[PDB]
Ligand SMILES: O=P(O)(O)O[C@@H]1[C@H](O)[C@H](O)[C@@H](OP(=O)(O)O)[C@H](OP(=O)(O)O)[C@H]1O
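What follows is a single chain, given as structure tokens, in the form deposited without ligand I3P.
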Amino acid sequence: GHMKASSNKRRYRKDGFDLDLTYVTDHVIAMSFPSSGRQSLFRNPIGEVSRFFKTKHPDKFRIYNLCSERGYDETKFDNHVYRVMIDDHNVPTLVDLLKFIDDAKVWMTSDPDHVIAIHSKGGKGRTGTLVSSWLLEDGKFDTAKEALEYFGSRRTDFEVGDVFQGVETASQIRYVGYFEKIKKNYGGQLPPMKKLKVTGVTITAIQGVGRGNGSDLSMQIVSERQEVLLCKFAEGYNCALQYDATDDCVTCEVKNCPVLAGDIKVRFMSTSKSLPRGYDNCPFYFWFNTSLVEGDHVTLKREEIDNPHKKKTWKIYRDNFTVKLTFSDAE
């Protein structure tokens, strides 16, 4: 009878394959995670994905797994898998990014028919960071913005909730920009190392954010996956808070910061349940690299901070919401 007995752009549906896989270029593929067991959200069984590569690019593929959270049976891909450990909604260290670029360069230079396939979980934020960096390396684009937007056009749904298309976070945009700066100003290698200590943090348009005066906020500095400083503002825990109602800002002296080098992640937490958490289990956060800092501070506008960069938050983080870190030289 009428009742049965049983039961997009990103879809590759050719030659008996049905996969969440995109040729960003003829030789650079972006895809979602090659999954096992049950299929949820219709994304990509590993047996099929590995069959695809062995059939379409026999002996001429290399797979990049960008998920810190999980690996898989790499022998399904004949051991042609390289891992870049990136947490969801975060960025690779620049050391890890450049190591990836060199690995891909060695592989791609060896044969013009070689392909690379880059994946994460959804194959958007982390994947787009590395795909866009690779396309800069390979000379297809000269700016991070163009590379990111191309990635967005090939791989992603258009998001009205984003300022810019392509990736998931503001730090992801920043890190492709860092790679552009490295390629154009430093010959493709890291800039001279610069060590820093954070001595202050200033937040503008504080009204309406948590308790609206800095008193609910704390700031955690993370280096190489470890907390290296925690400041709790109202309490004076490694800090001293000053709130100015007239100027709608808080300025905090930061105390006891260790010497910082490399990629630094700064997370802001709140005791106010009324201030929503976004990605990374906090209200707002960002990454920066100490060697790419200019002068004695780094200032980030709303669209440059992870979580406030989403339009769905703009009733809380107003047009003039910014965060500035003030530094001292560690050398």
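Think of the rigid core as the biggest set of C-alphas that the two forms share within 1.5 Å after superposition. Residues that one form lacks are left out of the comparison. Residue numbers run from 1 along the displayed sequence.
FYI, the form solved in complex with ligand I3P isn't displayed, but the following is about it.
Enquirer: Counting only non-hydrogen atoms, choose the one of 87-95, 192-200, 174-182, 135-143 that falls within 4.5 Å of ligand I3P in the bound PDB entry.
Expert: Of the stretches listed, the one contacting the partner is 87-95.
Enquirer: Please tell me which of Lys121, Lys232, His80, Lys76 lies within 4.5 Å of ligand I3P in the bound PDB entry, judged by heavy atoms.
Expert: Exactly one residue meets the criterion: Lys121.
Enquirer: Have a look at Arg267, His27, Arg62, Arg43 for me and say which one sits with a heavy atom within 4.5 Å of ligand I3P in the bound PDB entry.
Expert: Checking each option against ligand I3P in the bound PDB entry, the one that comes within 4.5 Å is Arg43.
Enquirer: Is the gap between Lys273 and ligand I3P in the bound PDB entry 4.5 Å or less for some heavy atom pair?
Expert: Answer no; every heavy atom of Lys273 is more than 4.5 Å from ligand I3P in the bound PDB entry.
Enquirer: Mark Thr156 yes when one of its heavy atoms lies within 4.5 Å of a heavy atom of ligand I3P in the bound PDB entry, and no otherwise.
Expert: No.
Enquirer: Counting only non-hydrogen atoms and a 4.5 angstroms cut-off, does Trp287 reach ligand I3P in the bound PDB entry?
Expert: Because no heavy atom of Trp287 falls inside 4.5 Å of ligand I3P in the bound PDB entry, the answer is no.
Enquirer: In a fit on the core, which one among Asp216, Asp162, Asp248, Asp96 has a Cα that moves 2 Å or more between the shown form and the other one?
Expert: None of the others reach 2 Å, which leaves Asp162.
Enquirer: After the core is overlaid between the shown form and the other one, has the C-alpha of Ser40 moved by 2 angstroms or more?
Expert: Indeed, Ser40 is displaced by 2 Å or more.
Enquirer: Looking in the bound PDB entry, decide if the C-alpha atoms of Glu159 and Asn320 are closer or farther than in the form shown; they differ by 3 Å or more.
Expert: It is farther: in the bound PDB entry, the C-alpha atoms of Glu159 and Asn320 lie at least 3 Å more apart than they do here.
Enquirer: Given that the shift is 3 Å or more, do the Cα atoms of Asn44 and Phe164 end up closer or farther apart in the bound PDB entry than in this form?
Expert: Result: closer.
Enquirer: After the core superposition, state the residue ranges of at least 3 consecutive residues in which each CA shifts by 2 Å or more between the shown form and the other one.
Expert: Residues 39-41, 156-166 form the runs that move by 2 Å or more between the shown form and the other one.
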